[PDB]
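*Asks:* coords below, sequence missing:
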Ligand SMILES: Nc1nc2c(ncn2[C@@H]2O[C@H](COP(=O)(O)OP(=O)(O)O)[C@@H](O)[C@H]2O)c(=O)[nH]1
């Protein structure tokens, strides 16, 4: 089940004013089983981000201008190749078709293309051309729209972004400046410094830096070298590139060696290792929220993904129960506790299969639907048990008592001593019936319901066989009325105990449900705490950096944003 | 009456040497050189850190792209211009447009007022500016994009007789009133006015007006 994409395909296209997801890209997505490390390379028009993507996979010693004969006017590209350094994961490469109204306008919705690349990625790469400056932090205005573009939780905002946003990576195209004091990371931090003041120009220029600092957990910077020919367009040459990349290929082979060994696998709330179908539901639920006129929320996207994998976890749970019972149930069951114990054992494993493959079942509606379907399976297994027990005990009668049905038909037992010899043979036949093995639970009912139907013949032998006293000394026909009374009593006394045992199981099953769900919800709160502790350790990582670098004006507003989390962590 | 080749290079080599730091006027010259000689219709000067374009643009071009720069004011434009690409700059006002222009890309600027609009205009985008009122609206103009702005009115000016039109955008503004010149248009128009604080009585005056046999009315979105 390995995949190596044969040329980057369009994922979502920006056409005629809206977005329309490429179905062929979603089809190959649903076929990817392995987890994904998604690296998104965003950039403006002709920002030179192609020689990165075509290297992040390793097409050749450079790729010949990618593919310009098919420039689908769009917003996003994808390219999925196997990850070289992480064995089981799949390395996914994202890219923008190029913003900035190049051949068509419609950059109206460009602010979504940026936010979409943030939500979909695990490592965020942004390509600009050199010397991060006023003109650069103005073109990065998409990060200013994020506070109104997306939301973390849904109502029946921007504080939680740092918890799930990817790591910002700024590739500076054609810069390689020899500004003696610094290192590329020290430049990205020096550029991200603010200007103290209360003017509208101070806030308008410190705002894009606050976003790129408060919203992203990790930050790493890289630079380019740009061959010496200042007029050459996309010249297809790898040896003329070897004469044009002395310390350039050393920058790109180091940049890719960092992305390979330091980019994290794409995760969601709860350690959800995002894979093909999960990423498929992600992009689908996000664009369909955009085109419908709402803002995309990461909570609604992971809940819609839950509704997909929870119902699928129920079917795998139901099917595992059917596989177990099919190989275990030996119909007809000897007792009822044998069947109910064989049920709760295979019921336990059915719950286990659901727990491990489900996540955030809202109100546990998917778990209670499983328990409702499991109780239906519980009932018809007892009804098939009754049908199996009765259909054998009845066949026992047609083979044990049918000889006696011919001895009476032939006239025997109608003679001196006929009654006492018929009863003695019936006491023997009722014994051979009780001695036959694996009868079931309906053995007592089917026998008595057959004797009470042949009582006319047990009576007709009486008043036919004189033999002795009779006629007012018929003690053995009121004795018969006594047996058919105590038999119809212990049968009702067992229909009680049978109905009792079903309520014993209706509770031992419910206790197993609340037991496994307890351990799941326990480890659910355990993970959320660790996720909040990391999110807290990073919001304090940036408040201390505002006190350290002078700005106590923003450290206080950071403390305001942090004390809001302290109260929301509780309830 | 028109300039010569030697006249162009002199004023360009002069404009080249008044080079602010980082400002890529050297490449823009070798493009303006390359533009004039082949008489090509396209002039692309995008993302060159240009704060002021020279007053002498080749009057033979028809497509001009100077977007993504620090332009404050733009020089006089050749009458032979069809498409105008200048977005994400610091423009304060616009020179009077050529009568042969068809498209106008000026979004993400600091404009507050607009000069006259030629009837040859078919599409334009003027979002992310600070305009309040607007000049004449051409007859064939169909695609307006005035989302991010300070506008408070929409005097939809008329011409001879306007046939079928297209979608206009006025979301995220402070219009606060719909003139019936909007309602006069038939049911083939599109007018998006989302996130505009409207009048209290006019908020429901259009709701009950459109939930009716309003076959003779334009589609309103908010
Ligand atoms: N400035 C610069 N341009 C490059 C570099 N490598 C490739 N290019 C050019 O950049 C273009 C690709 O830009 P791209 O990131 O795909 O932007 P897009 O085409 O708008 O999506 C190609 O035509 C290349 O010739 C580089 O290192 N620096």
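*Replies:* On my side now, so go ahead. Residues are numbered from 1 along each chain as shown, chains lettered A, B, ... in the order given.

*Asks:* hey, let's count contacts and neighbours off CA atoms from now on
*Replies:* Fine.

*Asks:* Enumerate every residue touching residue A:244.
*Replies:* A:226-228 (Cα atoms under 8 Å, 6 or more residues apart in numbering or on different chains).

*Asks:* Most proximal residue of chain B with respect to the ligand?
*Replies:* residue B:47 (11.3 Å; Cα to the nearest ligand atom).

*Asks:* Not counting its neighbours along the chain, what's nearest that residue?
*Replies:* Spatial nearest neighbour of residue B:47, excluding adjacent residues (Cα to Cα, 6 or more residues apart in numbering or on different chains): residue B:68 at 4.9 Å.

*Asks:* what's that neighbour in contact with, if anything?
*Replies:* B:46-49, B:86-89.

*Asks:* top of these by neighbour count?
*Replies:* Neighbour count (other Cα atoms under 10 Å in any protein chain shown) singles out residue B:87 as the most crowded of those, with 27 neighbours.

*Asks:* Can you give me the separation between that residue and residue B:168?
*Replies:* Distance of residue B:87 to residue B:168, given as Cα to Cα, to the nearest Å: 19 Å.

*Asks:* Neighbours of residue 27, how many?
*Replies:* Defaulting to chain A. Per other Cα under 10 Å, the neighbour tally for residue A:27 reads 13.

*Asks:* wrong chain, I was asking about chain B
*Replies:* Neighbour count of residue B:27, defined by other Cα under 10 Å: 15.

*Asks:* From residue A:6, how far off is the most centrally placed residue in chain A?
*Replies:* In chain A, the residue lying closest to the centroid (Cα atoms, centre = their mean) is residue A:309, at 4.0 Å. Computed with Cα to Cα, the distance linking residue A:309 and residue A:6 is 29 Å.

*Asks:* now residue A:17
*Replies:* For residue A:17 relative to residue A:6 (Cα to Cα), the value is 29 Å.

*Asks:* if we can go back for a sec, just among the contacts of residue A:244, which is most surrounded?
*Replies:* For the contacts of residue A:244, the largest number of neighbours (other Cα under 10 Å) sits with residue A:226, at 18 neighbours.

*Asks:* Figure out the helix or strand that residue A:221 lives in.
*Replies:* strand A:219-223 (DSSP states H and E).

*Asks:* correction: residue B:28
*Replies:* With DSSP H and E as criterion, residue B:28 is part of helix B:25-38.

*Asks:* which strands and helices sit next to that helix?
*Replies:* helix B:5-17, strand B:42-44 (3 or more Cα pairs under 8 Å, 6 or more residues apart in numbering or on different chains; DSSP states H and E).

*Asks:* Skip ahead from the last one and say which helix or strand is next.
*Replies:* What it means is strand B:42-44. strand B:63-65.

*Asks:* Flag every residue of chain A that's near the ligand.
*Replies:* With Cα under 6 Å from any ligand atom as the criterion, chain A meets the ligand at residues A:45-51, A:65, A:96-98, A:173, A:226, A:233-234.

*Asks:* Please list only the buried members of these.
*Replies:* A:45, A:47-50, A:96-98, A:173, A:226 (16 or more other Cα atoms under 10 Å in any protein chain shown).

*Asks:* Now residue A:14: closest residue in space that isn't a chain neighbour?
*Replies:* Distances taken as Cα to Cα, 6+ apart place residue A:74 nearest to residue A:14, at 4.2 Å, with adjacent residues excluded.

*Asks:* Same check on residue A:558?
*Replies:* residue A:543 (5.8 Å).

*Asks:* Next, the contact list for the closest residue to the ligand within the stretch 101-250 of chain A, please.
*Replies:* Closest residue of the stretch 101-250 of chain A to the ligand, Cα to the nearest ligand atom: residue A:234 (3.5 Å). Residues near residue A:234 by Cα under 8 Å, 6+ apart: A:64-65.
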